[PDB]
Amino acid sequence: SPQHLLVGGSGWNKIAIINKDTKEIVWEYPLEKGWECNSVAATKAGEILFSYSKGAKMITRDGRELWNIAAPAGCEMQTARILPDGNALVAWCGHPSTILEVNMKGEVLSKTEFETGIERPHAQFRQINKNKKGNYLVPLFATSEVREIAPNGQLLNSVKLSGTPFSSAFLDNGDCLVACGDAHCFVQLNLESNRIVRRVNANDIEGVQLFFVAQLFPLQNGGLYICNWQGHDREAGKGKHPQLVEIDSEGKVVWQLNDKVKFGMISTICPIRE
């Protein structure tokens, strides 16, 4: 069947599922006043997990709520993913920053607290990830870094990047890609050395001006989805710059969503069964 894509983004008051082939929105779910969604994810079974700043929740495909976790006052729940083991990972910016692993019943499987030193929760992170050693990769806006945090909260490593790092995603070789937000680029980080292998910007790609480089989603075919979020550039609305691209392994845009009326601003994506 046609591929379907679960999407959401800051400044878009819906999450949606798009039929990739037709480019049609086939399902929406509303966000409330004050909510901000920078993370959506699907389970293999087709359930939908999202963060919304005031919390994170899991719903069925028909819209029934399974479970919800509220962020504490002034905190911002900005991470929400499904780990390879099938459990959910959610996290909130705050003091302390908090990561939870959660089962499909909404029970807490683990908890990690850490302090970033960054006063405004909004200036902390968006999408935290978990690496093969079981530590957490935390990209941070204010300080343009990625930190590696142990489950007890200990700082294990930092690398300095640029821009406003938004997310990380793993490649088959075990390296990761880090989306650098306002730097209009992403980088590849070597597993062993934790050093920058490659920096990719619009000059390395054919077919898209990169605005805020939000979630990156590696594909089995060597390709990549890039969420090209336009909320920081007043010039983006004057043009037809795609909200979402698929690039192939050579860096060419092979497919895109490009309709700022039809599609809201997208910062997060996950393939979904239907």
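Numbers for residues come from their place in the sequence shown, where the first is 1.
- The stretch 227-235 shows the higher mean C-alpha B-factor when 240-248 is compared against 227-235 in the entry.
- Of the two segments examined, 16-24 and 249-257, it is 249-257 that shows the higher average Cα temperature factor in the deposited entry.
- Looking only at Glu148, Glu76, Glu113, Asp85, the residue with the top Cα B factor in the deposited structure is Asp85.
- Between the residues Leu161, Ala183, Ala123, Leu189, the entry's highest C-alpha temperature factor is the one at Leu189.
- Among the modelled residues of its chain, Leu219 has a C-alpha B-factor that falls in the highest third according to the deposited record.
- Annotation for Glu32: CA B-factor lies in the middle third of the chain's modelled residues.
- When the modelled residues of the chain are ordered by their C-alpha B factor, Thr60 lands in the highest third.
- In this PDB entry, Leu137 carries a Cα temperature factor that places it within the lowest third of its chain's modelled residues.
- The deposited CA B-factor of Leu155 belongs to the highest third of values across its chain.
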